[PDB]
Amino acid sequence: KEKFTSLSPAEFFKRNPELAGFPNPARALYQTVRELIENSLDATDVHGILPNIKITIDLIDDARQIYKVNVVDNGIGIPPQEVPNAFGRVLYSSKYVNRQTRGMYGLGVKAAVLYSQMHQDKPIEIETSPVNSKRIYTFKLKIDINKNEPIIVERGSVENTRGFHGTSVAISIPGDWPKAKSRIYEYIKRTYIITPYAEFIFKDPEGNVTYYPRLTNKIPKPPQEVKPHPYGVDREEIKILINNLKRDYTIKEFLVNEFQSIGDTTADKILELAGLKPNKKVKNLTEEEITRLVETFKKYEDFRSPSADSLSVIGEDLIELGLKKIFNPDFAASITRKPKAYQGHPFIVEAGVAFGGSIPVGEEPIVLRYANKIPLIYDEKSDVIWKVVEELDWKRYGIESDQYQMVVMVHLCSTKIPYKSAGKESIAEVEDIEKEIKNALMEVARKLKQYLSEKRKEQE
């Protein structure tokens, strides 16, 4: 009766597509679109390239409701040896490195490929040309779910005359355009508003074409790989850090070199609290001494914040400008908080508030959520951002009536966003994140008070 069996990562997601954001054809179409766009953006702005991204969705089969999604970008491309695994091996990524990107699981595109395979028979099509490559490399791929490995259906190359570079991805999937339409449009519009150095073109299944022109040629400094912040690094992470050392570091040397925010004196203070010999060889840490390091990191109250430069923010100015373009308010304000850390990861919370003007009258605020520059559209009431907004008492900040015109926007960015599911539509209840979102909203809420106070004496 009990037969014990194993699954591959590919079989796991094929059996549970709702875990990756593929619960139904409408959400699947939306998910496939944003995974491709986010890959294209990670392939451009992370590498100092002004993104030029084209999105096409065609209805291929009316009766069967199969759509072909094609995204083309001018990004860094993919080395041809890596393409099969990049697109056809679940849990394969170039972004497992400690660095702020949109992608993070090494699942995304493969979830769409699995969903594609589940329901129709055309392979995914990849065309790619790395910087300086004299060839465009072409592929048609499927995934062997049992082995979790790519099946190469076609593989070829052509000479690249108009010597340009980037990647085109096309995937055919079940979809529901009429149901996904408003959200696909909103996803692209919100991305665009916060990514003014990007240019998008969107051709939809009805044949509408929408142009989103570049507004500036200045890209924010690209996020880089950074060292972990000590606060919240766990025991398994300590072991990984040790196992990856080239040099025979002592524990002291380990602390100042492998982490952010640890100078020579901070190192000493930690080693004392943790009860570790500074000169002992870190390769020799016992199971117990690792426990003592981790607990010390967790308790130490005098850690400097991580470098803000670790991350890529939207910015106070862009945030306020955005709130004025869309909402045409009587008042807006924003803050880009100083960095904090959670589980070894630097993060910044930004928050913005708008009030009055063309903002609809309602019983709750309109809440706008972003994480690593991605607009979140689904599952809003499950989000920690919504929880904090809900729990805050807006009467303590001027909100007189139970009916008001208010927009609240929160952006979380980090080397790691803790999402509730691999679908990445909502942020989990991580304690340090929840507290800082609350502190951030309070700062901007105080500014709203100062206005609603001055504005009240006018009616008085």
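We call the rigid core the largest set of C-alpha positions that still match within 1.5 Å between the two forms. A residue's number is simply how far along the shown sequence it sits, counting from 1.
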{"query": "Positional deviation of Cα atoms in 6 other deposited structures of this protein after core superposition, greater for 431-439 or 60-68", "finding": "431-439"}
{"query": "More shifted region, core-based fit in 6 other deposited structures of this protein, 390-398 vs 41-49 by CA", "finding": "390-398"}
{"query": "Comparing 294-302 with 354-362, the one whose average Cα B-factor in the PDB entry is higher", "finding": "354-362"}
{"query": "Selected stretch [higher average CA B-factor]: 394-402 or 419-427", "finding": "394-402"}
{"query": "Of the residues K95, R247, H229, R135, the one carrying the largest Cα B-factor as recorded", "finding": "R247"}
{"query": "Peak C-alpha temperature factor (PDB record), options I262, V169, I151, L107", "finding": "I262"}
{"query": "CA B-factor ranking of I270, expressed as a third of its chain", "finding": "highest"}
{"query": "Where the record places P346 (Cα B-factor, split into thirds across the chain)", "finding": "middle"}
{"query": "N257, C-alpha B-factor rank within chain (lowest, middle or highest third)", "finding": "highest"}
{"query": "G156 - Cα temperature factor, lowest/middle/highest third of chain", "finding": "middle"}
{"query": "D73 CA temperature factor, ranked by third within the chain", "finding": "lowest"}
